[PDB]
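Quick notes on the structure that follows.
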Amino acid sequence: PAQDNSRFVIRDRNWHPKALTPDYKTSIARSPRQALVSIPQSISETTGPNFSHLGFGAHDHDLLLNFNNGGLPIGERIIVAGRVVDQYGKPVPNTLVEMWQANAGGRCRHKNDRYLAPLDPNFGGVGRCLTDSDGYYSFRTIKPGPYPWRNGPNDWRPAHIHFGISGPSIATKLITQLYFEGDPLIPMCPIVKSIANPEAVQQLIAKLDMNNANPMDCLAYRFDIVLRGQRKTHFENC
Amino acid sequence: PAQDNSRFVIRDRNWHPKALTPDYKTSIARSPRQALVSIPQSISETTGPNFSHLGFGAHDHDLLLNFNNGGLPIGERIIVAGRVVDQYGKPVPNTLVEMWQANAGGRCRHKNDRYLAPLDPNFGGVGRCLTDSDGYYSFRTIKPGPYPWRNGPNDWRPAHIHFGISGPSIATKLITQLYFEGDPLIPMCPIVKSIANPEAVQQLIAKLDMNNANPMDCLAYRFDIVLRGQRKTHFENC
Amino acid sequence: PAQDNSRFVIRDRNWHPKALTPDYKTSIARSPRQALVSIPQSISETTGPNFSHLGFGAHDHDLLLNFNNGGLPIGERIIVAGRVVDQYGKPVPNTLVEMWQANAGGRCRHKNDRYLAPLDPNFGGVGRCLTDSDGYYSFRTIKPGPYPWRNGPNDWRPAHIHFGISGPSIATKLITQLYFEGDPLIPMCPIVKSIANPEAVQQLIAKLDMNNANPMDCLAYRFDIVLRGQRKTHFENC
Amino acid sequence: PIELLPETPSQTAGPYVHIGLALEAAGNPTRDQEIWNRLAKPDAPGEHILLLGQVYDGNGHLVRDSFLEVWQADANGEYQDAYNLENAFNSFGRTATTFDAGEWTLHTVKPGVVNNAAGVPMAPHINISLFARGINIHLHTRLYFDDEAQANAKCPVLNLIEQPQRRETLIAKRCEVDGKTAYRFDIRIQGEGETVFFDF
Amino acid sequence: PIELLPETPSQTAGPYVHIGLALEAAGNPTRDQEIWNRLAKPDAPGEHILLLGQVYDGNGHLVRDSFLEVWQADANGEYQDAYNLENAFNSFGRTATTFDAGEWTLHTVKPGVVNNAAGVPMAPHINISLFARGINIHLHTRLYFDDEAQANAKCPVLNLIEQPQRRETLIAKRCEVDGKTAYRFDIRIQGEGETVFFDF
Amino acid sequence: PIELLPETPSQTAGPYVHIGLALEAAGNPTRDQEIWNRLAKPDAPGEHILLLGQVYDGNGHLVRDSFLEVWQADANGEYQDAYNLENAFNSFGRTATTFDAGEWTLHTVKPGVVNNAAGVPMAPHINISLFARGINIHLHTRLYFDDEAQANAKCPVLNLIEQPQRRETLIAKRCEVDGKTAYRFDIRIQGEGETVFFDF
Amino acid sequence: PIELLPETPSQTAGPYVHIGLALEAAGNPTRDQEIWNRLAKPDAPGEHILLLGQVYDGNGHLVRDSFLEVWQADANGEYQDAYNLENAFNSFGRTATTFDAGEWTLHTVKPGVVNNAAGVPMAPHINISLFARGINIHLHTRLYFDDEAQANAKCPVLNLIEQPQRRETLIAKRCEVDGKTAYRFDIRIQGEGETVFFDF
Ligand SMILES: [Fe+3]
Ligand SMILES: [Fe+3]
Ligand SMILES: [Fe+3]
Ligand SMILES: [Fe+3]
């Protein structure tokens with residue numbers, strides 16, 4: 001079983017988006033009004049699941065083939081790859097990255113999305129990948145398109161991919177979103193504006209990576225994720 | 001008795017800290033939600049107690065000797081001096097200045113403080129001085145240590161000394177805190193950061209004052225306190 | 001035994017303090033007048049003692065517990081950690097780091113110190129730690145106070161901790177001093193000012209390190225020490 | 001426009017305000033002469049009353065670390081500014097609620113009447129400053145009495161509060177503590193029934 | 001001060017979080033291996049319990065698109081970190097409340113006692129992280145049991161919560177569902193009865 | 001050109017260097033294991049010698065707060081880098097002159113010969129670093145022996161000093177202390193007869 | 001840090017300092033009232049002494065253009081600050097060494113004992129400031145008497161000088177000039193035997 005041998009750097013809650021961000025409307029009735037209580041780190045917060053033995057299917061990170069109904073998805077073919085490190089710059093090997101996203105027109109494969117852009121019979125939109133020894137992960141997919149949503153009267157979410165990352169503990173787990181370099185919708189989005197600092201928004205922007213693209217085939221973006229920094233305990237209970 | 005012959009400059013409520021400053025957690029449930037009701041000044045507001053006859057002991061302002069159990073406190077011996085003026089620069093004489101503070105290790109001599117830095121048996125931490133004819137006050141004490149507190153998970157108060165100042169009326173009374181020049185914990189504090197304008201923060205930073213130090217003995221710091229300007233009434237009720 | 005297979009980068013004698021720096025009074029009569037005689041490195045210079053087998057007690061590096069007379073010292077509890085590398089950035093493992101310092105009040109536990117701040121009965125002021133495989137060392141102590149000394153008529157040493165570092169040879173051995181971020185007494189000191197280049201002064205300033213602090217317990221400081229770069233000999237005596 | 005020197009900013013008083021301004025209440029040794037909660041000596045003129053109350057936060061929980069400073073006229077309506085421990089009446093005092101005492105008390109006389117700057121009488125009142133941990137800048141209120149409804153109805157200050165129901169929050173309820181005339185004045189910092197606070 | 005690289009900032013999981021992580025509950029076809037609400041298989045050691053609840057927004061309406069992740073010790077108070085679908089017990093699991101299930105459910109065992117960093121036992125508990133559209137960064141809480149009153153009362157984590165009434169919002173109320181021992185635990189996001197949330 | 005990271009700057013060791021590197025000499029309690037002035041145990045091979053000397057400033061006054069670190073070959077000319085208190089010989093040690101002891105001493109063996117990087121033998125010598133209050137960066141010297149005039153005459157290091165009279169300043173004078181073989185090596189920091197110091 | 005206005009910087013008094021302050025010694029006509037080398041008129045209390053000396057540069061040649069200013073207590077150890085030519089004793093005076101007088105002289109009384117700020121008696125002394133071409137800021141020193149050996153030895157100012165041999169340069173050597181008790185006090189500016197100078 002898991003041992004309590006690490007502490008995690010504290011979160012900077014003025015860097016992350018706060019809970020109450022009124023232009024993102026649903027945040028109004030879903031944000032606490034009392035202050036969070038701070039508690040020290042114990043074995044509960046410092047351990048978490050390890051997925052090295054989950055049995056991944058062979059196409060799990062390849063969204064051009066894992067849904068497959070006899071053919072390929074329509075849309076821009078792209079590899080989305082990067083590394084996961086901690087704040088000390090140390091790779092985070094064998095971690096689980098999960099990601100889900102729309103199709104080329106912005107439609108999500110879900111009961112409630114009645115957007116009028118159609119479904120793509122060959123695309124499902126889900127991937128998972130355990131990072132290697134070196135913190136690397138990779139997916140293959142199509143570039144999702146933007147979608148309108150019911151926030152203000154003409155709001156468009158920019159193109160995006162949702163990421164879920166586990167890290168070494170429930171203290172490091174994070175859910176975030178990846179945007180795409182140059183999308184002119186990035187700065188008008190209320191969800192992206194829920195992040196107050198413009199340099200915190202830049203880290204959510206995936207950058208075109210020509211170096212990792214397959215010539216005559218697909219482009220590549222690079223997206224690197226930094227999790228809370230991990231350190232050994234020291235001078236504790238004297 | 002007291003006469004109504006003074007008016008005081010309105011406070012600048014955007015200069016001072018607002019009541020609701022969420023990063024300082026305790027302020028959530030301790031700040032009103034309704035607006036303050038403004039009222040004209042009358043004799044009730046423009047008069048206040050005069051402390052010239054209060055009986056001061058001989059070591060009231062000397063914290064190196066006022067608690068004493070046959071000894072000197074451990075820590076940096078320092079003089080904290082300054083002048084109290086009003087907004088027009090006019091000196092506030094015979095005014096009560098009170099201060100309180102932790103010991104060299106950041107421990108408060110209060111039952112409620114359970115921090116693990118020990119109490120110093122020769123230090124109490126309270127002083128009071130009445131300003132002289134030119135508004136000067138002075139204290140002799142030891143430099144307080146920073147201390148951890150339960151707001152965020154790793155928040156520390158920079159080293160500080162609390163100050164109470166009467167002034168001439170209840171309209172001028174003010175409680176504040178002094179910080180020490182250079183302390184890197186100052187910009188990180190949520191309590192200092194309840195002050196939105198950085199120029200207002202600079203008024204709370206006591207400066208190293210080599211000209212008032214006693215060579216081979218103790219250093220000094222200079223902290224000037226500006227209270228609301230005082231003016232004669234004119235053209236009132238015709 | 002020891003082998004001659006190392007050369008060390010020449011020292012930068014205009015980076016380090018010169019021998020004659022008159023504002024630091026004692027240097028007048030303690031600095032030579034003749035020039036240093038330069039000599040090639042040989043086995044005498046390029047080898048030095050290895051301290052891996054010296055027997056360290058358990059609290060050698062913990063100054064809050066190594067002197068002890070049933071108590072905790074009074075003062076700001078702090079961790080002082082950092083890494084020792086050479087000029088090429090290569091870590092210096094298993095190297096002896098020694099340090100010494102005053103108490104919270106600036107008093108040295110040495111017969112010769114007659115300053116009026118008292119001795120703390122639970123503090124001695126000496127620590128030693130041997131660097132780990134990646135060059136890391138760490139100490140736990142209390143933050144030293146500044147003290148007055150007899151150079152100019154009102155000179156004070158900023159708060160500081162002296163450090164001795166062996167390195168791999170007698171050619172890398174170095175004694176220096178650590179200052180604390182922000183201390184306004186730093187630019188006023190004639191000893192710090194024996195360093196002409198201000199960029200060299202910045203290397204002696206330990207930085208507040210919130211990521212290594214123990215919440216609700218002690219703060220930290222990070223001081224990295226760079227020793228002379230070490231290189232293999234090449235093309236020597238043909 | 002003309003700008004003067006800025007006033008030094010406020011800061012909260014902190015949990016430990018007792019150690020500096022409420023020595024006894026924090027159970028530390030007192031000095032000879034302390035500023036405390038007995039405004040009137042037994043042989044002072046006016047009606048002797050005991051004041052008491054509680055402080056609530058916005059979650060309906062008690063504020064146990066609060067500190068209050070009061071300023072009031074004597075029984076003949078005059079402000080006695082010369083603070084001295086040997087007077088029969090001082091117009092100023094301090095009190096505190098403690099972990100121990102969730103409740104503050106003050107012993108004084110019912111204040112006489114005073115006029116406003118325009119010559120209009122104000123109803124009898126006590127001026128109160130409240131300080132505590134979580135309060136960045138103190139909060140100013142007035143404590144009025146329910147048995148002075150005729151004067152409270154014509155007070156030029158209480159009439160500046162627009163909503164009648166808000167006026168009520170400043171009226172202390174007459175009662176008896178150990179069968180001695182008392183008034184209770186609780187303060188709500190925030191929420192339902194929130195006490196009116198002033199700016200001047 | 002020393003600055004490290006900054007963490008990647010959080011964004012809301014969004015309304016369609018079920019497609020990437022609650023595959024079944026979105027009625028999309030699953031893969032061979034999914035992480036779900038069955039922490040313990042019927043033959044794992046311990047006292048088998050079923051947990052259930054609802055989540056509320058601050059208007060008191062139901063949050064039907066929330067997604068939860070739980071981490072608890074086994075009955076011996078040990079955290080099982082190697083996640084495997086063949087093990088009898090896994091310390092991690094995921095559940096969700098859907099348009100068709102206003103309620104989440106989890107099948108597990110009552111966790112055993114673990115100590116904190118100082119050596120002090122914590123009352124049995126389950127760590128919960130809550131994600132949903134509208135929540136920009138996820139919410140941390142702990143579910144505790146109403147039948148462990150004594151341990152709950154000496155819990156060093158529950159005792160950091162200042163106000164006693166706040167500690168109640170973390171206590172799941174025992175009940176029975178078809179002969180099986182169940183505990184309910186509703187979460188109120190905002191408002192009256194607001195569940196305590198943590199930062200660590 | 002190429003620039004590397006700069007070396008951390010030196011600082012003087014200060015008057016109080018004893019408290020950190022010369023524990024006994026400052027009359028503070030020692031730790032179990034200390035690095036001191038006995039390089040050789042009684043049964044170590046080589047000729048046993050006692051070294052001693054004084055340090056003078058430029059006004060001809062004694063330096064009583066100096067601290068020295070020495071590094072030398074053993075009797076067979078080998079550097080013993082593994083420091084251990086249980087060896088018969090350690091190639092390293094420290095000494096100090098104190099207010100008390102104006103004089104330092106060291107117990108060791110006369111070093112054997114070593115070659116320079118080019119294979120040329122160097123005369124027997126002891127490498128010395130001197131540190132003190134007023135010395136910003138330590139000062140490096142070598143202690144040679146007057147009874148080895150033939151080897152001193154051909155030392156490739158002593159021959160790099162241009163002026164013969166300057167060479168003499170590094171030659172220790174053989175003598176006897178309590179009728180035991182000793183050499184005296186005084187150092188002049190500055191002035192008339194100033195000891196040669198090196199840079200490497 | 002708090003910065004005050006900076007002091008006006010010093011410049012050398014120059015070669016012609018005698019025209020503005022040593023009117024007589026430059027053989028220029030005087031005014032009615034000049035400040036000079038006769039501190040005590042022949043009937044002032046105390047032991048009358050004559051002081052004399054020479055000043056040297058660092059090559060050992062004579063400084064013939066120097067100008068001195070002296071400040072000493074009277075025989076009761078009291079400083080007389082109201083300067084008046086009618087008083088019997090003045091605590092201040094001026095002298096000079098000229099091309100024709102290689103020597104300065106002053107006529108005064110042996111000063112009485114004054115204490116320092118801590119209560120401790122200082123040995124009798126005379127404070128001296130020396131000005132001349134080549135000196136950019138003036139030099140402070142103290143003249144002490146060779147016949148007050150015991151007091152000199154407990155003097156808290158003379159005991160701040162570290163090296164005993166430096167303390168001698170401040171001690172004037174008693175002698176006699178035509179039946180009058182005289183003390184010589186040479187000043188060496190630089191070099192071998194360099195007079196101690198102060199900063200205060
Ligand atoms: Fe405080
Ligand atoms: Fe989305
Ligand atoms: Fe030092
Ligand atoms: Fe001129």
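By order of appearance in the structure tokens: chains A, B, ..., then residues from 1 within every chain, and ligands from 1 in the order shown.
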
Handout entry: Selection within 9 Å of ligand 1 by only C-alpha atoms and all ligand atoms, output as a ChimeraX atom specification
Key = /B:100-102,106,108,147,157,159-162,177 /D:13-17

Output the selection as an mmCIF file, in the first residue's frame - N, CA and C atoms for each residue.
```cif
data_model
loop_
_atom_site.group_PDB
_atom_site.id
_atom_site.type_symbol
_atom_site.label_atom_id
_atom_site.label_comp_id
_atom_site.auth_asym_id
_atom_site.auth_seq_id
_atom_site.Cartn_x
_atom_site.Cartn_y
_atom_site.Cartn_z
ATOM 1 N N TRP B 100 1.172 46.973 20.151
ATOM 2 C CA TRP B 100 1.304 45.599 20.593
ATOM 3 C C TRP B 100 1.971 44.749 19.543
ATOM 4 N N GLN B 101 2.597 43.659 19.981
ATOM 5 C CA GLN B 101 3.349 42.840 19.024
ATOM 6 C C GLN B 101 3.815 41.509 19.502
ATOM 7 N N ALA B 102 4.126 40.629 18.538
ATOM 8 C CA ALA B 102 4.826 39.357 18.952
ATOM 9 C C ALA B 102 6.235 39.493 19.516
ATOM 10 N N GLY B 106 7.918 35.377 16.746
ATOM 11 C CA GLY B 106 6.593 35.473 16.216
ATOM 12 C C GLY B 106 5.545 34.945 17.227
ATOM 13 N N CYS B 108 2.731 35.446 20.334
ATOM 14 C CA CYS B 108 1.979 36.479 20.985
ATOM 15 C C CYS B 108 1.775 36.026 22.465
ATOM 16 N N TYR B 147 4.836 35.248 11.552
ATOM 17 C CA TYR B 147 4.199 34.064 12.095
ATOM 18 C C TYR B 147 3.213 33.503 11.081
ATOM 19 N N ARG B 157 2.431 36.022 8.275
ATOM 20 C CA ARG B 157 2.293 37.463 8.404
ATOM 21 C C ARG B 157 3.714 37.987 8.386
ATOM 22 N N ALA B 159 6.589 40.476 9.523
ATOM 23 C CA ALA B 159 6.917 40.936 10.891
ATOM 24 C C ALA B 159 6.085 42.220 10.988
ATOM 25 N N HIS B 160 5.485 42.487 12.149
ATOM 26 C CA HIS B 160 4.637 43.765 12.213
ATOM 27 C C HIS B 160 4.352 44.110 13.604
ATOM 28 N N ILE B 161 3.972 45.330 13.837
ATOM 29 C CA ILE B 161 3.657 45.852 15.119
ATOM 30 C C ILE B 161 2.318 46.536 14.969
ATOM 31 N N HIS B 162 1.309 46.222 15.774
ATOM 32 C CA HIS B 162 -0.008 46.873 15.596
ATOM 33 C C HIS B 162 0.049 48.149 16.280
ATOM 34 N N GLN B 177 -1.280 48.833 11.129
ATOM 35 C CA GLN B 177 -0.143 48.005 11.369
ATOM 36 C C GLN B 177 1.163 48.563 10.699
ATOM 37 N N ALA D 13 -7.479 44.896 13.426
ATOM 38 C CA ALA D 13 -6.899 44.901 14.756
ATOM 39 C C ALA D 13 -6.377 43.575 15.133
ATOM 40 N N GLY D 14 -6.892 42.609 14.444
ATOM 41 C CA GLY D 14 -6.277 41.287 14.705
ATOM 42 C C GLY D 14 -6.900 40.444 15.927
ATOM 43 N N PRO D 15 -6.606 39.146 16.033
ATOM 44 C CA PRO D 15 -7.208 38.376 17.131
ATOM 45 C C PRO D 15 -6.684 38.726 18.426
ATOM 46 N N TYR D 16 -5.486 39.252 18.416
ATOM 47 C CA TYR D 16 -4.759 39.558 19.636
ATOM 48 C C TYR D 16 -4.852 40.976 20.119
ATOM 49 N N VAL D 17 -5.880 41.738 19.706
ATOM 50 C CA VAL D 17 -6.054 43.160 20.093
ATOM 51 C C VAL D 17 -6.096 43.287 21.602
#
```

Exercise for the section: Would you list the contacts of residue 151 (chain D) as a PyMOL selection string, taking every protein, DNA or RNA residue within 8 Å and counting only C-alpha atoms, but skipping same-chain residues closer than 3 positions in sequence? Expected result: chain D and resi 122-124+148+154-155

Exercise for the section: Select residues of chain E: the criterion is any atom within 12 Å of an atom of chain D, counting only C-alpha atoms; output as a PyMOL selection string. Expected result: chain E and resi 162-166+191-194

Practice task
Just give me the gap between CA of residue 98 (chain B) and CA of residue 60 (chain B) in Å, one decimal is fine.
Solution key: 9.6 Å

Handout entry: Interatomic distance, CA of residue 54 (chain E) to CA of residue 98 (chain E) (Å, one decimal)
Key =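 Calculated distance between CA of residue 54 (chain E) and CA of residue 98 (chain E) is 10.4 Å.
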
Give one line per residue of chain B that approaches chain C to at most 6 Å, naming the two atoms of the closest pair and their distance in Å to one decimal, counting only C-alpha atoms; sort by chain then ascending residue number and deliver it as JSON lines.
```
{"residue": "B:74", "atom": "CA", "partner": "C:105", "partner_atom": "CA", "distance": 5.6}
{"residue": "B:75", "atom": "CA", "partner": "C:105", "partner_atom": "CA", "distance": 3.8}
{"residue": "B:76", "atom": "CA", "partner": "C:105", "partner_atom": "CA", "distance": 4.6}
{"residue": "B:104", "atom": "CA", "partner": "C:75", "partner_atom": "CA", "distance": 4.9}
{"residue": "B:105", "atom": "CA", "partner": "C:75", "partner_atom": "CA", "distance": 3.8}
{"residue": "B:145", "atom": "CA", "partner": "C:76", "partner_atom": "CA", "distance": 5.8}
{"residue": "B:148", "atom": "CA", "partner": "C:216", "partner_atom": "CA", "distance": 4.9}
{"residue": "B:154", "atom": "CA", "partner": "C:215", "partner_atom": "CA", "distance": 4.7}
{"residue": "B:182", "atom": "CA", "partner": "C:182", "partner_atom": "CA", "distance": 4.5}
{"residue": "B:183", "atom": "CA", "partner": "C:182", "partner_atom": "CA", "distance": 5.8}
{"residue": "B:215", "atom": "CA", "partner": "C:154", "partner_atom": "CA", "distance": 4.7}
{"residue": "B:216", "atom": "CA", "partner": "C:148", "partner_atom": "CA", "distance": 4.9}
```

Once you have the residues from the selection above, write them out as a PDB file, in the first residue's frame, restricted to N, CA, C and O atoms.
```
ATOM      1  N   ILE B  74      15.172  38.483  24.363  1.00  0.00           N
ATOM      2  CA  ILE B  74      16.120  38.164  23.279  1.00  0.00           C
ATOM      3  C   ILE B  74      15.586  38.698  21.865  1.00  0.00           C
ATOM      4  O   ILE B  74      14.419  38.570  21.596  1.00  0.00           O
ATOM      5  N   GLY B  75      16.378  39.341  20.994  1.00  0.00           N
ATOM      6  CA  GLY B  75      15.899  39.788  19.707  1.00  0.00           C
ATOM      7  C   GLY B  75      16.626  41.068  19.372  1.00  0.00           C
ATOM      8  O   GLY B  75      17.405  41.529  20.225  1.00  0.00           O
ATOM      9  N   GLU B  76      16.380  41.599  18.193  1.00  0.00           N
ATOM     10  CA  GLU B  76      17.015  42.857  17.745  1.00  0.00           C
ATOM     11  C   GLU B  76      16.466  44.053  18.447  1.00  0.00           C
ATOM     12  O   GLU B  76      15.238  44.323  18.353  1.00  0.00           O
ATOM     13  N   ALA B 104      10.508  37.796  19.459  1.00  0.00           N
ATOM     14  CA  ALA B 104      11.473  37.677  18.335  1.00  0.00           C
ATOM     15  C   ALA B 104      11.109  36.496  17.349  1.00  0.00           C
ATOM     16  O   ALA B 104      11.675  36.415  16.268  1.00  0.00           O
ATOM     17  N   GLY B 105      10.401  35.487  17.941  1.00  0.00           N
ATOM     18  CA  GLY B 105      10.033  34.280  17.286  1.00  0.00           C
ATOM     19  C   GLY B 105       8.632  34.233  16.638  1.00  0.00           C
ATOM     20  O   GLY B 105       8.313  33.283  15.837  1.00  0.00           O
ATOM     21  N   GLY B 145       9.038  38.772  15.087  1.00  0.00           N
ATOM     22  CA  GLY B 145       9.177  37.794  14.063  1.00  0.00           C
ATOM     23  C   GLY B 145       7.857  37.626  13.303  1.00  0.00           C
ATOM     24  O   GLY B 145       6.774  37.983  13.820  1.00  0.00           O
ATOM     25  N   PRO B 148       2.995  32.190  11.132  1.00  0.00           N
ATOM     26  CA  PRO B 148       2.094  31.438  10.270  1.00  0.00           C
ATOM     27  C   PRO B 148       0.654  31.581  10.744  1.00  0.00           C
ATOM     28  O   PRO B 148       0.362  31.703  11.914  1.00  0.00           O
ATOM     29  N   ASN B 154      -0.298  28.075   3.435  1.00  0.00           N
ATOM     30  CA  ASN B 154       1.121  28.361   3.873  1.00  0.00           C
ATOM     31  C   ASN B 154       1.210  29.861   3.926  1.00  0.00           C
ATOM     32  O   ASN B 154       1.807  30.369   3.141  1.00  0.00           O
ATOM     33  N   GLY B 182      11.818  46.514   3.342  1.00  0.00           N
ATOM     34  CA  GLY B 182      12.493  45.400   2.780  1.00  0.00           C
ATOM     35  C   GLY B 182      11.924  43.997   2.893  1.00  0.00           C
ATOM     36  O   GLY B 182      12.304  43.253   2.109  1.00  0.00           O
ATOM     37  N   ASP B 183      11.127  43.614   3.880  1.00  0.00           N
ATOM     38  CA  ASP B 183      10.548  42.313   4.169  1.00  0.00           C
ATOM     39  C   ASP B 183       9.861  41.782   2.989  1.00  0.00           C
ATOM     40  O   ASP B 183       8.778  42.299   2.485  1.00  0.00           O
ATOM     41  N   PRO B 215      24.520  53.965  18.355  1.00  0.00           N
ATOM     42  CA  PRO B 215      25.738  53.120  18.047  1.00  0.00           C
ATOM     43  C   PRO B 215      26.050  52.149  19.056  1.00  0.00           C
ATOM     44  O   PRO B 215      25.850  52.424  20.197  1.00  0.00           O
ATOM     45  N   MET B 216      26.504  50.972  18.637  1.00  0.00           N
ATOM     46  CA  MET B 216      26.907  49.872  19.484  1.00  0.00           C
ATOM     47  C   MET B 216      25.827  49.453  20.424  1.00  0.00           C
ATOM     48  O   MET B 216      26.114  48.705  21.320  1.00  0.00           O
TER      49      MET B 216
END
```

Exercise for the section: Would you mind writing down, as an NGL selection string, each residue of region 47-127 of chain B that DSSP on the backbone assigns to strand (DSSP E or B)? Expected result: :B and (50 or 62 or 77-86 or 91 or 96-101 or 126-127)

Exercise for the section: Mind checking which residues fall within 6 Å of residue 130 (chain E), counting only C-alpha atoms, ignoring those fewer than 3 positions away in the same chain, and posting them as a ChimeraX atom specification? Expected result: /E:68,138-139

Dump as a short mmCIF file (atom, residue, chain, number, x, y, z; two decimals), in the first residue's frame, selection limited to C-alpha atoms:
```cif
data_model
loop_
_atom_site.label_atom_id
_atom_site.label_comp_id
_atom_site.auth_asym_id
_atom_site.auth_seq_id
_atom_site.Cartn_x
_atom_site.Cartn_y
_atom_site.Cartn_z
CA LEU E 68 -17.17 13.02 -8.47
CA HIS E 138 -12.73 21.60 -8.39
CA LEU E 139 -14.03 21.31 -4.90
#
```

Practice task
Write out as a ChimeraX atom specification all residues of region 48-165 of chain G that DSSP puts in alpha helix (DSSP H) for this structure's backbone.
Solution key: /G:149-154,164-165

Exercise for the section: For chain C, work out the contacting residues on chain E at 12 Å, counting only C-alpha atoms, and write them as a VMD selection string. Expected result: chain E and resid 1 to 6 200

Any idea what's packed within 9 Å of region 192-199 of chain A, counting only C-alpha atoms, ignoring anything in its chain fewer than 4 positions away? Could you give it as an mmCIF file with C-alpha atoms, in the first residue's frame?
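Printed below is out-v3.cif as written:
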```
data_model
loop_
_atom_site.group_PDB
_atom_site.id
_atom_site.type_symbol
_atom_site.label_atom_id
_atom_site.label_comp_id
_atom_site.auth_asym_id
_atom_site.auth_seq_id
_atom_site.Cartn_x
_atom_site.Cartn_y
_atom_site.Cartn_z
ATOM 1 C CA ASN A 14 -4.983 33.831 -7.672
ATOM 2 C CA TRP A 15 -3.232 32.200 -10.619
ATOM 3 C CA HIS A 16 -6.010 29.543 -11.235
ATOM 4 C CA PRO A 17 -9.455 30.875 -12.110
ATOM 5 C CA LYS A 18 -11.386 31.953 -8.809
ATOM 6 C CA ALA A 19 -14.796 30.265 -8.128
ATOM 7 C CA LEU A 20 -17.021 33.335 -8.670
ATOM 8 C CA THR A 21 -16.453 34.793 -12.240
ATOM 9 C CA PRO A 22 -19.664 36.450 -13.194
ATOM 10 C CA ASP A 23 -19.382 36.703 -17.013
ATOM 11 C CA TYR A 24 -19.278 32.827 -16.931
ATOM 12 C CA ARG A 157 -16.456 28.698 -27.096
ATOM 13 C CA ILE A 186 -9.553 32.931 -27.182
ATOM 14 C CA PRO A 187 -9.737 36.370 -25.694
ATOM 15 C CA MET A 188 -13.507 36.915 -26.006
ATOM 16 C CA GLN A 203 -0.123 28.220 -20.758
ATOM 17 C CA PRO E 9 -4.426 26.490 -14.609
ATOM 18 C CA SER E 10 -7.653 24.800 -14.057
ATOM 19 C CA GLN E 11 -10.805 25.117 -16.359
ATOM 20 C CA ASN E 136 -13.871 26.573 -12.502
#
```

Problem - Length of the CA of residue 153 (chain F) to CA of residue 69 (chain F) vector [Å] - result: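 Here the two named atoms are 25.9 Å from each other.
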
Problem - Neighbour list for residue 165 (chain B) as a ChimeraX atom specification, cut-off 8 Å, only C-alpha atoms, skip fewer than 6 positions in-chain - result: /B:95-98,173-175

How about saving the chosen residues, C-alpha atoms kept, as an mmCIF file, in the first residue's frame?
```
data_model
loop_
_atom_site.group_PDB
_atom_site.id
_atom_site.type_symbol
_atom_site.label_atom_id
_atom_site.label_comp_id
_atom_site.auth_asym_id
_atom_site.auth_seq_id
_atom_site.Cartn_x
_atom_site.Cartn_y
_atom_site.Cartn_z
ATOM 1 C CA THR B 95 -2.262 62.120 21.497
ATOM 2 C CA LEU B 96 -2.398 58.498 22.720
ATOM 3 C CA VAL B 97 -0.314 55.988 20.606
ATOM 4 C CA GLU B 98 -0.658 52.304 21.727
ATOM 5 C CA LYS B 173 -9.205 57.245 15.596
ATOM 6 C CA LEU B 174 -7.303 54.643 13.701
ATOM 7 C CA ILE B 175 -5.892 51.227 14.206
#
```

Practice task
Find the spatial neighbours of residue 53 (chain G), counting only C-alpha atoms, within a cut-off of 8 Å - ignore same-chain residues fewer than 5 positions away - and output them as an NGL selection string.
Solution key: :G and (103-105 or 184-187)

Generate a file of the selected residues that holds C-alpha atoms, formatted as a compact mmCIF listing (two decimals), in the first residue's frame.
```txt
# COMPACT_ATOMS: atom_id res chain seq x y z
CA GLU G 103 56.74 74.81 16.57
CA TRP G 104 53.32 75.57 17.99
CA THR G 105 52.75 76.53 21.59
CA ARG G 184 55.76 68.14 24.32
CA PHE G 185 53.51 66.47 21.92
CA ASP G 186 54.59 65.85 18.44
CA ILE G 187 52.11 64.67 15.78
```
